[PDB]
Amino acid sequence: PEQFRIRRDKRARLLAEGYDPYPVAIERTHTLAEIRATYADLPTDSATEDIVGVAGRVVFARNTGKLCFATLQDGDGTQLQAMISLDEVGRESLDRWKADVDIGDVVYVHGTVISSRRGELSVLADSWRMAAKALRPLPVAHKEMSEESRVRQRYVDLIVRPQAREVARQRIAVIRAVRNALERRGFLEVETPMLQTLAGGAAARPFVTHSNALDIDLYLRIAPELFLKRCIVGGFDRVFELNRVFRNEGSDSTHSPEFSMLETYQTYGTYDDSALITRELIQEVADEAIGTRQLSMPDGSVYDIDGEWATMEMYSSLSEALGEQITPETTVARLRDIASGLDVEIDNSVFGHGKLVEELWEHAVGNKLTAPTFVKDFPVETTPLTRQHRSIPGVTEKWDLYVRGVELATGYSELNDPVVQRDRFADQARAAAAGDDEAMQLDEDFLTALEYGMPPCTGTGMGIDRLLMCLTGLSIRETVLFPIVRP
């Protein structure tokens, strides 16, 4: 702040002396990574006759009599030494280096490539220019930034913390690997709308906004599911969308109101076929983007995601954990007595057979899972868009995938019968009459699309930020460049 005034004074002084502190048209001949790669076998204390013009952020500096040193860091983190010698740039230019250049400044250095006496790959400057005067100093070390500071100023965090650049790179690589795995399998990527006149496809409160052009309220999508199914009616055979959804709910280490998700749809497959593809995709993504299926976690542990994953049924695994047979016919009263006997808090929101079964399963089974696990065959009350089971009464052909304790993905045999789907919406209407404001509202145009005939298909959904959390052990806020902060 005292430091801010000083740097601002320098900026103005340069502009008034004719030395442009934010010049345009600087040509950079090599990145620093290019210099380090080309000259990796340069002998110590030797010089070349190759002239280069590099640019980079000054992150370290040393001053002596006729010779100043500075460590430049390119945007990717690669570092190279710049040497400002009296006998090379001249009295007038060297003095300007000492008085004008500060830590954090972006500078351009033109000179010849050498290796210093200490074996440091360097550019021996014959000239230099300010490229971008910095008015604020960098933190002395990334340890000095709180976690909230990293989120509020990711642009500083990327400069000073190598792990921040590495997570950003992993995110980009994971998403590219996801698309590669789906392209190998013949899936096509489409765009469906983000502003919707009715937001369905999941159970969540929407963000609401007023349209000036249409003169009505619109909703940000909570899922692309109902529009991807219209694509299936229209003839897309294998289709996906990897992009943002928006849910107007709470924030914690596994939930962000704005997040990235993948949804896939495949005709003439069931939830058994999408469980197989989802496992292989995750494992291929690990290979391509992380380099291993034995995942290093931040606490030093190794998490094995290789091989085939366990599968279990919700009702039967719950029954085993409790020592009592739970079925679709178990009463709401019985389920509440079981919960209270296990000291399970049941929010005044959670009611109905289906929600009570899921709650008990999460407490007695789900929270105790370590290895990657599919749980399948869900209560029909909580799965309005899922086809009923081909042979077992009262359940639907859905699975959830848990990896490292995180709910990562889900897959359905899709409900394509338009009459039954209309019945499912009526059951949601009764739930919403009982006070559930997450219940789905009936979408008449979606039903109209089903009434033209949707081929049988299987769909999946996967949280992309959650995928990265599972691969790295990070929380959802560490995997996004710019998570939302209250101003």
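Numbering starts at 1 and runs along the sequence shown.
**Q** Please work out which of 446-454 and 26-34 has the higher mean CA B-factor as recorded in the PDB entry.
**A** Stretch with the higher mean C-alpha B-factor: 26-34.
**Q** Return whichever of 211-219 and 375-383 has the greater mean Cα B factor according to the PDB record.
**A** Averaging CA B-factors over each stretch, the winner is 211-219.
**Q** Return the residue from 311, 153, 294, 85 that has the highest Cα B-factor in the entry.
**A** Highest C-alpha B-factor among the listed options: 85.
**Q** Based on what the PDB entry reports, which of 470, 464, 476, 12 has the top C-alpha B-factor?
**A** Highest CA B-factor of the listed options: 12.
**Q** Please place residue 144 in the lowest, middle or highest third of its chain according to the CA B-factor in the PDB entry.
**A** Residue 144: CA B-factor falls in the middle third of its chain.
**Q** Would the CA B-factor of residue 421 place it in the lowest, middle or highest third of its chain?
**A** Ranked within chain, residue 421 CA B lands in the middle tercile.
**Q** Against its chain's modelled residues, does residue 303's Cα B factor rank lowest, middle or highest third?
**A** Residue 303: CA B-factor falls in the middle third of its chain.
**Q** Check where residue 119 lands among this chain's C-alpha B-factors and tell me if it's the lowest, middle or highest third.
**A** It falls in the top third of the chain.
**Q** Within this chain, which third does the Cα B-factor at residue 273 fall in: lowest, middle or highest?
**A** Its C-alpha B-factor belongs to the lowest third of this chain's values.
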